[PDB]
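Those sequence lines, one after another, are chains A and X.
Be aware that the first sequence starts at 35, since it is given in UniProt numbering, and climbs by one per residue.
Be aware that the second sequence starts at 35, since it is given in UniProt numbering, and climbs by one per residue.
Yeah, the Cβ is synthetic: ideal placement off N, Cα and C, and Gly gets one too.
Right, one structure below, let's go through it.
2 protein chains.
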Amino acid sequence: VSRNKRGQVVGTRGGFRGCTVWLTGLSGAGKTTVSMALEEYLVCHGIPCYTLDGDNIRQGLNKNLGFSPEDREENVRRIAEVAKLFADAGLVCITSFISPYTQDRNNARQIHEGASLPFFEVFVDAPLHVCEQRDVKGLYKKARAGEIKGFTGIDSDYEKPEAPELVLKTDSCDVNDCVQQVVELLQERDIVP
Amino acid sequence: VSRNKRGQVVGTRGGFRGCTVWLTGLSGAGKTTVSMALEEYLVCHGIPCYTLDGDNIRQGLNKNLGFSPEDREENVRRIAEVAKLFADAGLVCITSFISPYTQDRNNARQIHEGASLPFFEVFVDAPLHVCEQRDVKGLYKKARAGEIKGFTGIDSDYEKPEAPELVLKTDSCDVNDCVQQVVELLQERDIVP
Ligand SMILES: Nc1ncnc2c1ncn2[C@@H]1O[C@H](COP(=O)(O)OP(=O)(O)O)[C@@H](O)[C@H]1O
Ligand SMILES: Nc1ncnc2c1ncn2[C@@H]1O[C@H](COP(=O)(O)OP(=O)(O)O)[C@@H](O)[C@H]1O
Ligand SMILES: Nc1ncnc2c1ncn2[C@@H]1O[C@H](COP(=O)(O)OS(=O)(=O)O)[C@@H](O)[C@H]1O
Ligand SMILES: Nc1ncnc2c1ncn2[C@@H]1O[C@H](COP(=O)(O)OS(=O)(=O)O)[C@@H](O)[C@H]1O
């Protein structure tokens, strides 16, 4: 069946709006918080969606991947292909992964734009020194202590987005305020009516 | 957000009905035909769904897998995890893969029933001699000729389902008739109202 027919039966608000909102950023930058609140926002506004994150991907589909650069590349590649299917199905697919390599984020975008599906890269941008100081899950302490090897920002590279569709300054917005900025982008791009 | 809230915004017909319809069977048994017509049927009845098949999975997510037993196991494992996400999102996920190994089909089921998501194994059951004689894509000729190695039914095993939820005798039903049997199962299980 065609995408337009999907858009008729997916959700109450007519129109096909499948797409992928690709969050990227350091550990503790707020990706989980923003993605969960974005999901709540969309559902409350009648827009079916689904979130892919480390919790539901790296314990399942990607349980056989570590954090070597090669495994992060394959992690993101698989996530991009799954997000493309969710977008093709008519859902707003929100992805919440560190995704530290420019090439793999751009490969994820190419998979979508080849299939003529919208792809929005959102750089969840908090300074590393802020993420370390808050250390919301204690991970940065263990990384400095050597108990987690190759942790992004400490012993593994994060390549900052140079051309995201949106930059979220999460040391300066509360959850709902950063969500409002994502909603504005989705309205501009005719995802959210 | 919860599954019940998803069921409110996914589709027009209220109620959460996410699940996976897992087709299994020999090449040429009719999996593609039945899955595509099932998708058409559900969409026409206002039920959002999505089909995973060799066309959209083995050229994308699973492009790095062959047909060794080990690669078929990983192929099915990844597909099962993706189907579980689609079911969790509230969609009827139709899968259309040979899935020749009992253990991997049962592992796929366990992934779903652990997450309390319904899983319906449909054995698309045509005799191998029938599939060979029709040879709808010419594949069986190339398998006998040695141009495709380890082709299911010729140089690779198909373990017949012993406990499917439904057996589809596709040498004896036309497309719509086999679809009607799947619809009956989904009605019995409160997926289709
Ligand atoms: N001053 C603030 N008040 C409320 N929420 C905030 C504030 N600053 C950031 N956030 C939100 O908190 C999450 C993490 O922000 P961060 O500054 O990394 O940690 P923390 O919020 O614990 O200070 C992000 O989703 C962000 O949107
Ligand atoms: N007598 C029939 N008339 C119409 N469709 C059929 C008939 N027998 C099978 N089918 C459908 O054709 C597809 C493949 O059936 P199969 O017998 O393997 O090949 P073929 O249909 O070319 O004879 C299946 O989806 C099945 O539902
Ligand atoms: N070495 C690590 N580097 C970054 N995150 C890690 C590492 N080890 C475990 N984690 C974590 O695994 C999740 C990050 O995974 P991803 O977002 O999937 O990373 S990515 O680089 O491959 O995109 C977080 O739960 C998290 O803190
Ligand atoms: N050696 C093969 N055995 C079975 N199918 C093959 C083989 N090589 C290519 N194909 C095909 O690949 C698809 C079957 O793939 P799957 O359904 O994904 O198989 S499975 O065994 O791993 O579940 C069909 O398009 C098809 O005919």
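Ligand 2 heavy atom lying under 7 Å from the CB of residue i
| i | result |
| --- | --- |
| X:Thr186 | no |
| X:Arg168 | yes |
Cβ of residue i within 8 Å of any chain A Cβ
| i | result |
| --- | --- |
| X:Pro82 | yes |
| X:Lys65 | no |
| X:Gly48 | no |
| X:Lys175 | no |
| X:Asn210 | no |
| X:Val116 | yes |
| X:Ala123 | yes |
| X:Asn140 | no |
| X:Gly45 | yes |
| X:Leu220 | no |
Exposure label - residue i; buried when at least 16 CB within 10 Å
| i | result |
| --- | --- |
| X:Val43 | buried |
| X:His163 | exposed |
| A:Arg223 | exposed |
| X:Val170 | exposed |
| A:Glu193 | exposed |
| X:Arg51 | buried |
| A:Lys65 | buried |
| X:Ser206 | exposed |
| A:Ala160 | buried |
| X:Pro195 | buried |
| X:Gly148 | exposed |
| A:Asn96 | buried |
Closer than 7 Å: residue i CB and nearest ligand 1 heavy atom
| i | result |
| --- | --- |
| A:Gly59 | no |
| A:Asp208 | yes |
| A:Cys83 | no |
heavy atom of ligand 3 below 7 Å from residue i C-beta
| i | result |
| --- | --- |
| A:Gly148 | no |
Cβ-Cβ separation, residue j to residue i (assumed contact under 8 Å), whole Å
| i | j | result |
| --- | --- | --- |
| X:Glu115 | X:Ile145 | 6 Å |
| A:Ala142 | A:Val110 | 6 Å |
| X:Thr46 | A:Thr46 | 7 Å |
| A:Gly59 | A:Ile132 | 7 Å |
Cβ of residue i within 8 Å of any chain X Cβ
| i | result |
| --- | --- |
| A:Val55 | no |
| A:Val77 | yes |
| A:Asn38 | no |
| A:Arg112 | yes |
| A:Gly88 | no |
Residue i: CB within 7 Å of a non-hydrogen atom of ligand 4
| i | result |
| --- | --- |
| X:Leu173 | yes |
**Item:** Ordered list of alpha helix (DSSP H) runs contained in the UniProt domain "APS kinase" (51-203) of chain A, each at least 4 residues
**Value:** 65-78, 88-91, 103-122, 136-148, 162-168 and 173-178
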